[PDB]
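We begin with a single chain expressed as structure tokens, specifically the form deposited without the ligand.
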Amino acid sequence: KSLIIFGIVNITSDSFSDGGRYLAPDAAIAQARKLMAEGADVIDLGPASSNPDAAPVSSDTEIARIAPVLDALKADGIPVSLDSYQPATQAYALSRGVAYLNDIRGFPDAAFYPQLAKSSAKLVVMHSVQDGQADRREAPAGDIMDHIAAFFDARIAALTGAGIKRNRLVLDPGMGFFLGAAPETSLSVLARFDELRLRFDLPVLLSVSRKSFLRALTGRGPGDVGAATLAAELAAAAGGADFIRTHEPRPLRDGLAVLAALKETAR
């Protein structure tokens, strides 16, 4: 009911973590506890780097990396959304009882749906314009919201028809590179994602934190978009976003507390 914050943790290496661009399972564990301490409700755990330029590791490598992280978060009572598009990793994560699966491919392979149907984990179904084609960087001609709605029309039908109950679904319309090169495309979705909540009567997750289009609206480099991110997340929250996936839970937590305190005053 209240905004749920996903804290981003991406395991980047098998054994060497240096507190910068390299994250190992031991230190992934410390980052997860730190993000919960800063106000996250869930750790959105990625078994590999987010950048498409790194060599994609195997489902076997993803499982080996997340296995010790899942043991300790389960011990801590720390909820996990397992962020992987690889079905063998998804199946392993479901066997460990994760709270969510988060698939940047949006669960496109119907042969896998019986395994999704027999679990209770919630599914973050993400839209992208790539849809499996790295070369495809834009949606088809027309209104981006029209194409996203039509994507979810078809995919929700496929998933729920296979027995995945619709109240397990969380809709992620995509953001930044998953929508197109132009900042206007991401701004349209950030402004209009509640059209999807209303169309489907389903919750929406957004991930805007540190996305490149924010740097276009500010003119600053990578380590200076903290305020633009907070403003974008607060605007999403005020627009009714049910989940926000972020790198820095504390500024968002603090900002939300101010907004909550203001509306409670005007009641």
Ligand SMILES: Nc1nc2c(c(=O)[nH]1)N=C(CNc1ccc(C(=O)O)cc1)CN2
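Note that the rigid core is defined as the largest set of C-alphas that superpose within 1.5 Å between two forms. Heads up: residue numbers just count along the shown sequence, starting at 1.
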Worksheet item: Would 126-134 or 192-200 have the larger average of its C-alpha temperature factors, as given in the entry?
Response: 126-134
Practice prompt. Would you tell me which stretch averages the higher CA B-factor in the PDB entry, 52-60 or 211-219?
Written response: 52-60
Item to complete: Go through 42, 69, 230, 236 one by one and give the residue whose Cα B-factor in the PDB entry is largest.
Response: 69
Response to the item:
Tertile call for residue 149 (CA temperature factor, within chain, third-based) is the lowest
Discussion item. By the recorded C-alpha temperature factor, relative to the other modelled residues in its chain, which third is residue 21 in?
Written reply: highest
Worksheet item: Is the Cα B-factor recorded for residue 105 in the lowest, middle or highest third of its chain?
Response: lowest
Discussion item. Could you place residue 206 in the lowest, middle or highest third of its chain by Cα temperature factor, using the values in the record?
Written reply: lowest
Worksheet entry | Third of the chain, ranked by Cα B-factor, where residue 5 sits | lowest
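Missing here is the form deposited with the ligand bound; even so, the following discussion is about that form.
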Fill in: in the entry with it bound, the one of 87, 108, 79, 176 near the ligand [non-hydrogen atom within 4.5 angstroms]
176
Item to complete: Decide yes or no: are 22, 74 and 248 jointly within 4.5 Å of the ligand in the entry with it bound, with each residue judged by its heavy atoms?
Response: no
Worksheet entry | Contact stretch among 228-236, 55-63, 208-216, 23-31 - heavy atom within 4.5 Å of the ligand in the entry with it bound | 208-216
Discussion item. Quick check on residue 150: any heavy atom within 4.5 Å of the ligand in the entry with it bound?
Written reply: no
Practice prompt. With heavy atoms only and a cut-off of 4.5 Å, decide whether residue 93 touches the ligand in the entry with it bound.
Written response: no
Worksheet item: Quick one: is residue 123 in contact with the ligand in the entry with it bound, heavy atoms, 4.5 Å cut-off?
Response: no
Worksheet item: If you check in the entry with it bound, is residue 134 within 4.5 Å of the ligand, heavy atoms only?
Response: yes
Worksheet item: If we check the ligand in the entry with it bound, which of the residues in 79-93 reach within 4.5 angstroms of it by a non-hydrogen atom?
Response: 83
Worksheet item: Which of the listed residues (198, 54, 227, 238) moves its Cα by 2 Å or more between the shown form and the other one when the core is kept in place?
Response: 54
Discussion item. Taking 2 Å as the cut-off, check whether the CA of residue 254 shifts that much or more between the shown form and the other one after a rigid core fit.
Written reply: no
Fill in: Did residue 10 shift 2 Å or more between the shown form and the other one, C-alpha, core superposed
no
Worksheet item: After superposition on the rigid core, does the Cα atom of residue 138 shift by at least 2 Å between the shown form and the other one?
Response: yes
Worksheet item: Which way does the C-alpha gap of residue 68 and residue 14 go in the entry with it bound, closer or farther, given it changes by 3 angstroms or more?
Response: farther
Worksheet item: Closer or farther apart in the entry with it bound, the C-alpha atoms of residue 97 and residue 14, for a change of 3 Å or more?
Response: farther
